[PDB]
Amino acid sequence: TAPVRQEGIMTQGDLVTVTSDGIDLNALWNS
Amino acid sequence: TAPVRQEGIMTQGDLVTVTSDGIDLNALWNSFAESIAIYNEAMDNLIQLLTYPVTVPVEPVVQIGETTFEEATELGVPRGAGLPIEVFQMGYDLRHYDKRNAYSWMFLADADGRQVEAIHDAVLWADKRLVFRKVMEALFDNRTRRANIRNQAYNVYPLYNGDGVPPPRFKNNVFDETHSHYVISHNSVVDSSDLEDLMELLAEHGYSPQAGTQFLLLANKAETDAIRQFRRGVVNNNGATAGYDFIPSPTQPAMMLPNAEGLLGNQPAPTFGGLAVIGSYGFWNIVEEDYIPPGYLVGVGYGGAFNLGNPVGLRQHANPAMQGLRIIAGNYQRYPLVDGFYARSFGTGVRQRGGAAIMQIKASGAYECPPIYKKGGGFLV
Amino acid sequence: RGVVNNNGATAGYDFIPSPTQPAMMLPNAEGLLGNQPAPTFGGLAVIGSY
Amino acid sequence: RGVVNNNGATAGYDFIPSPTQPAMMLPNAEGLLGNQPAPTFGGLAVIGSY
Amino acid sequence: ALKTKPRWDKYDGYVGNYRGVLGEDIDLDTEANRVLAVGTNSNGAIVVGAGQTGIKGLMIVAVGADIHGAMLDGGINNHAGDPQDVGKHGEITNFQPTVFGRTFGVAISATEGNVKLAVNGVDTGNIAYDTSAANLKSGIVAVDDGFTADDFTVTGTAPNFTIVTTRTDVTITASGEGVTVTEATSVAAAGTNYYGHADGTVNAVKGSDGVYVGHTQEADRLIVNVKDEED
Amino acid sequence: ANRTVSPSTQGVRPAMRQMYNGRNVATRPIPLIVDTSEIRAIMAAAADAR
């Protein structure tokens, strides 16, 4: 969607996890 | 009917009785019921076409990144890849409304049951007008709201208004946070180009005739009397040129045409939902009514590949015992007074912020909410 | 419809003659969209509609 | 047909809208000069012909 | 999501690239998710900028942020005594120059009277045309904003000058006529050599210090090839 | 498939009829307008004169 391109090795800190609001961000990749 | 609001404890002297002339005034209470029935029908059709029941109190929206290939070489290696995601949320509010009625024992001793049944019926009418006003505020009132849901606060949004997260990119269309659906015509009278601009505010997000979206234009008679004049290639108000003809609905009065095949294509269907269609212009089905105030155009998209629903969600309280309109026994239950309460709780917000647009027809300045549907203006239409 | 009239007015509609009226040539009128008015309203004879 | 467009060009045909497009009133007793297209070409959506 | 951050694209770690330990905490608001020029202190430890040894490599302290845009302090790669990787050879992608603080260029169009600057939107009162540098600095700190003569540095002995702020949150601007203020921004450029400074910044400018660290190719990429600092 | 829709595609076929053309015939009847007051005045005078 957004015209932004992350290029590089996926480190820790590039992880996506359940947020403090309890939204499971990893359920939303198909959006 | 008359805008007079008697409020108090009902006493003797507030009693209505058979006259000495034998006129039973208590037979006459429900005599307006057919002029009420037309206002009731108009509000029913607008509510079922503008609203849905909220089943999920908080809605998420996300923005995801992208990547690209590159051209290969025989000894080197290409660049890596990753996706950044972020999320935002929006809700629907919930507020509480009530009314009392109270009687003295001297009223209750002598009152005809029909006088108190008429007061009950006037309360149900005020309840429906409260719901209609708050639904129409959710659509017309340009400002963002706040609400607390499961012990956390949320934004409660209208259509795009230059506030909140920008609309997502669609094809070559990009939007910033100032993007708004509450635009103005920049002229004192409606053009055909205004109907084309209002249409572009939906089509910019892919909500489009090509995607299978159907379109409803709701307008005042003061606008439809001008739109009925629009003819393809003819110069119009403010020097606009009409790109289409206004095509009349089969319920309009008969007319002569230059050709025994009258139109290339069909006439519009005479009803959209339950609403009475006067005609169509371009992809708009046109409904006229003065529940839309003069100088305002409301364009609403339905269906298509993006599954556009009705624009306003109605939230009721989560507990079924708090849902609906309810009658509560009062604090006075004996003598010399008796009282009781009516109560309802509900609230409103928009999920699909791009699925509709509103244009105020004027030369200059920001969009103004019509006072009839500005939040603070009261509890009746 | 759309033609100028007495006192500079424009007609919003055509006069549609009823079925009893004579078959008569008119400019810009090869077809009628919709119905002709019924020839009688109550007992009275209807010449047309506007 | 016969109306001047941009740059003084005069159209020798009418733009004929496709069956999916919004309707138009036929301007003249003469039909539009052209043929109405099918609503698709291959799998593409056709707006009209010229 | 709004932003890219710098990362290693290619990094081997059996060549001249190495594990070390941090000699000091990384400032998450200023130094996380940035390309830092690093050296070694008098112990064995990695330090941002020139240590005892001068600039010996580049480092990216990769840190996760919440959806609200802020960074967790509970990490295991950013406090003193934490391990970190350092590169001499490799590629960095989504590259950007590294700058600390804010910097402003001031030029006076007036040759008469006095001109008016603002600090976070509240005015200096009056600056004469033709001040000394110390008189210009004094007029900046004299605002009742709670910023002081250690938050700022000023240099310039001409109508032109420059204000350098070690903080991130002070904006110097013009408010009157006779003076203008341009913030000195920094973006990656294609086909450009980049240099690591004793500050730990990385910039296409070399000065009295600035060992070579690499060159870009396309502006979003840095080809890292550190020419280590030497006695 | 092509998903395109419009007020035409969702709408209804026009209720079109053909006017009296007054063309491609050998003769056209004289257009003889006669209002109900004229028929009564004729019929009453014819009855009075008999």
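See the values below:
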| read-out | value |
| --- | --- |
| Output for segment B:112-167, where each listed residue is crowded, with 16+ Cβ neighbours inside 10 Å, touching a strand residue (DSSP E or B) at 6+ places or on another chain (Cβ under 7 Å) and assigned to a loop (DSSP other than H, G, I, E, B) | B:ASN142, B:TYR157, B:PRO158, B:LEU159, B:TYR160, B:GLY164, B:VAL165 |
| Residue count for segment D:32-50, restricted to those that are over 18 Å from B:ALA211 (Cα atoms) and within 11 Å of chain B (Cβ to nearest Cβ) | 3 |
| Residues (crowded, with 16+ Cβ neighbours inside 10 Å and either within 9 Å of chain B (Cβ to nearest Cβ) or in contact with a strand residue (DSSP E or B) (Cβ under 7 Å, 6 or more places away or on another chain) (or both)) located in segment C:16-31 | C:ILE16, C:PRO17, C:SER18, C:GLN21, C:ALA29, C:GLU30, C:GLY31 |
| Subset tally (residues that are buried (at least 22 other Cβ atoms within 10 Å of the Cβ), hydrophobic (A, V, I, L, M, F, W, C) and closer than 30 Å to B:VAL62 by Cα) for segment B:343-379 | 6 |
| Scan of segment B:242-260 for residues that are more than 14 Å from chain D (Cβ to nearest Cβ) and buried (at least 17 other Cβ atoms within 10 Å of the Cβ), ordered by number | B:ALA254 |
| Filter result for E:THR53 (within 20 Å of the chain's Cα centre (by Cα), among the hydroxyl-bearing types (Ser, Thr, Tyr), over 19 Å from A:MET10 (Cβ atoms) and more than 10 Å from every other protein chain (Cβ to nearest Cβ)) | no |
| Single match in B:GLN360, B:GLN333 (criterion: of a type outside the set (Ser, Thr, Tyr) and without any contact (Cβ under 8 Å) to a residue 24 or more places away in the chain) | B:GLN333 |
| Hits in segment B:180-203 (condition: assigned to a loop (DSSP other than H, G, I, E, B) and crowded, with 19+ Cβ neighbours inside 10 Å) | B:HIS181, B:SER185, B:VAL190, B:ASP191 |
| Flag for B:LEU263 being surrounded by 18 or more Cβ atoms within 10 Å (Cβ to Cβ), within 22 Å of B:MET199 (Cβ to Cβ) and without any contact (Cβ under 8 Å) to a residue 24 or more places away in the chain | yes |
| Only listed residue being more than 14 Å from chain B (Cβ to nearest Cβ) and surrounded by 10 or more Cβ atoms within 10 Å (Cβ to Cβ), chosen from F:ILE39, F:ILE30 | F:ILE39 |
| Candidate set: segment B:208-241, residues that are of a type in the set (S, T, N, Q) and within 14 Å of chain F (Cβ to nearest Cβ); chosen: the one nearest to B:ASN307 (Cα to Cα) | B:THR213 |
| Residue in segment F:17-37 that is among the aliphatic types (A, V, I, L, M) and outside any loop (DSSP other than H, G, I, E, B) present | no |
| Criterion: surrounded by 15 or more Cβ atoms within 10 Å (Cβ to Cβ) and either polar (S, T, N, Q) or assigned to a loop (DSSP other than H, G, I, E, B) (or both) - qualifying residue of E:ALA188, E:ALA158 | E:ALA188 |
| Residue satisfying all of: in segment E:161-176; among the aliphatic types (A, V, I, L, M) and farther than 15 Å from E:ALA134 by Cβ; surrounded by the most Cβ atoms within 10 Å (Cβ to Cβ) among these | E:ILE172 |
| Any hit, segment E:123-136, residues being assigned to a loop (DSSP other than H, G, I, E, B), in contact with a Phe, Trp or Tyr (Cβ under 7 Å, 6 or more places away or on another chain) and not small (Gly, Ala, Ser) | no |
| Test for B:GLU223: is it charged (D, E, K, R) and surrounded by 23 or more Cβ atoms within 10 Å (Cβ to Cβ) | yes |
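Rule-based calculations on the coordinates, nothing more; no lab input. Quick reminder, even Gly has a Cβ in these numbers, built from the backbone with ideal geometry, and neighbours come from all protein chains shown.
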